[PDB]
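Notes follow once the structure below has been shown.
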Amino acid sequence: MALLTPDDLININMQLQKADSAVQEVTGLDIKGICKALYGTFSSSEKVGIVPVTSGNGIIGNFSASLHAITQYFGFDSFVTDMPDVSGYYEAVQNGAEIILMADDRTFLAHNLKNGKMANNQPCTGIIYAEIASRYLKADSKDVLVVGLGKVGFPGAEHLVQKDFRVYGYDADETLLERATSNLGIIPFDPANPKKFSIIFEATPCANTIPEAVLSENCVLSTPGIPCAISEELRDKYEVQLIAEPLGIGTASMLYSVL
Ligand SMILES: NC(=O)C1=CN([C@@H]2O[C@H](COP(=O)(O)OP(=O)(O)OC[C@H]3O[C@@H](n4cnc5c(N)ncnc54)[C@H](O)[C@@H]3O)[C@@H](O)[C@H]2O)C=CC1
Ligand SMILES: C[C@H]1CC=N[C@@H]1C(=O)NCCCC[C@H](N)C(=O)O
Ligand SMILES: [Mg+2]
Ligand code: NA
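Sequential numbering of the sequence shown, starting at 1, is according to the authors' numbering.
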């Protein structure tokens with residue numbers, strides 16, 4: 001399974017700053033503006049309780065600290081509980097948390113206790129990175145390539161289909177590809193018969209998944225995938241506009257979706 005390491009989260013404030021500038025360049029909107037477009041919501045210092053969780057692989061170094069910073073960055077009044085797990089959840093609620101933010105190895109959720117809304121990181125991440133890609137100001141095309149049609153990728157593709165884009169899809173697992181084509185109506189992408197895209201969305205845990213043949217100059221590559229979907233070489237060569245950030249954008253999508 002594809003879990004963060006502590007090194008992925010180093011200087012999360014800078015990673016967020018850089019991602020937010022890239023998002024502004026690409027779409028004319030900052031991350032808050034994207035979330036406002038997606039969900040119509042804005043932050044008003046809602047209290048967010050962040051609960052460390054020890055199950056499975058356990059507490060990931062820098063994870064709760066990064067969420068603490070991300071939440072503050074978007075204007076939430078956040079805190080991290082002293083205790084983990086159920087004791088931590090009790091602490092969070094007792095200290096007045098309106099939104100609970102917590103994750104085990106399989107599920108990262110946000111639960112707004114005031115209105116009952118609950119978000120899962122996987123669809124929220126897919127949706128927001130697909131939204132960003134979709135809003136590329138200089139795209140001059142409704143064609144989009146989605147690489148990776150799993151838990152993050154499938155909802156991203158679904159979002160793009162709802163937005164009336166012409167969605168091409170590829171997954172290395174043939175069964176996943178088939179699932180997407182027959183449930184979403186996407187066009188299966190044929191790697192042996194590529195075409196160029198100005199808009200690309202990638203959601204795999206693998207490097208170098210985007211072939212050169214698919215790139216156009218200045219195309220947007222919006223990717224929650226870790227590590228990076230393209231080499232530095234190809235990024236520089238085609239002046240690719242990369243939106244890639246390990247936790248904060250997806251977390252913002254969760255939070256603004258439950259407001
Ligand atoms: N940046 C962020 O905020 C977040 C990042 N992620 C990351 O997103 C990635 C995807 O997560 P999930 O969708 O949950 O994983 P998943 O395992 O559900 O789906 C990944 C898909 O990519 C496909 N794939 C793998 N190698 C490929 C290749 N070379 N070419 C085409 N397809 C390939 C797999 O067949 C699989 O269907 C992971 O690396 C995960 O860590 C996940 C959540 C939030
Ligand atoms: C990109 C992230 C967000 C969702 N999946 C990836 C992930 O690493 N999930 C596992 C998070 C586990 C956190 C850990 N239980 C903790 O509380 O420190
Ligand atoms: Mg992110
Ligand atoms: Na990747």
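Just so you know, even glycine gets a beta-carbon here, dropped at the ideal spot from N, CA and C.
Item                                                                                                                       : Value
Any non-hydrogen atom of ligand 1 closer than 7 Å to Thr41 Cβ                                                              : no
Distance cut-off 7 Å: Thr125 Cβ against heavy atoms of ligand 3                                                            : yes
Three or more C-beta pairs below 8 Å linking the segment 7-27 and the segment 61-70                                        : yes
For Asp7, three-class secondary structure by DSSP                                                                          : helix
Beta-carbon proximity check, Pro191 vs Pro211, cutoff 8 Å                                                                  : yes
Own chain partners of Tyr170 with C-beta closer than 6 Å, once the 5 adjacent residues on each side are dropped            : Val147, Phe189
Close beta carbons around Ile70, own chain, < 6 Å, minus the five adjacent residues each side                              : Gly248, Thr251
Backbone secondary structure at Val144 - three-state DSSP                                                                  : strand
Burial state of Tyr256 (16 or more Cβ within 10 Å)                                                                         : buried
Helix, strand or coil at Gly116 according to DSSP, with G and I counted as helix                                           : coil
Inter-residue spacing [alpha-carbon to alpha-carbon] between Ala172 and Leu3                                               : 20 Å
Ordered list of beta strand (DSSP E) runs contained in the segment 158-182, each at least 3 residues                       : 166-170
Environment of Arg135 [buried if 16+ CB atoms lie within 10 Å]                                                             : buried
Separation of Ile60 from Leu176, as counted between CA atoms                                                               : 29 Å
At least three beta-carbon pairs within less than 8 Å, the segment 103-112 to the segment 51-59                            : yes
For ligand 2, residues whose Cβ lies under 5 Å from any non-hydrogen atom                                                  : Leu3, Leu4, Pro52, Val53, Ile59, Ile60, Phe63, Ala103, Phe108, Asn121
Cut-off 7 Å between Cβ atoms - residues of its own chain near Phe197, not counting five sequence neighbours on either side : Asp143, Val144, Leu145, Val214, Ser216, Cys219
Beta carbon of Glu158 nearer than 8 Å to that of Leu137                                                                    : no
Around ligand 4, Cβ to any heavy atom closer than 7 Å, ordered along the chain                                             : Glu202, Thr204, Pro205, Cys206, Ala207, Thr209, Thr223, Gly225, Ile226, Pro227, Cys228, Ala229
Residues sharing a beta bridge with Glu202, DSSP                                                                           : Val147
Among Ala130, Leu16, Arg166, nearest to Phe154 - alpha-carbon criterion                                                    : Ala130
Close Cβ partners of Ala207 (< 6 Å) along its chain, the five nearest in sequence each way excluded                        : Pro227
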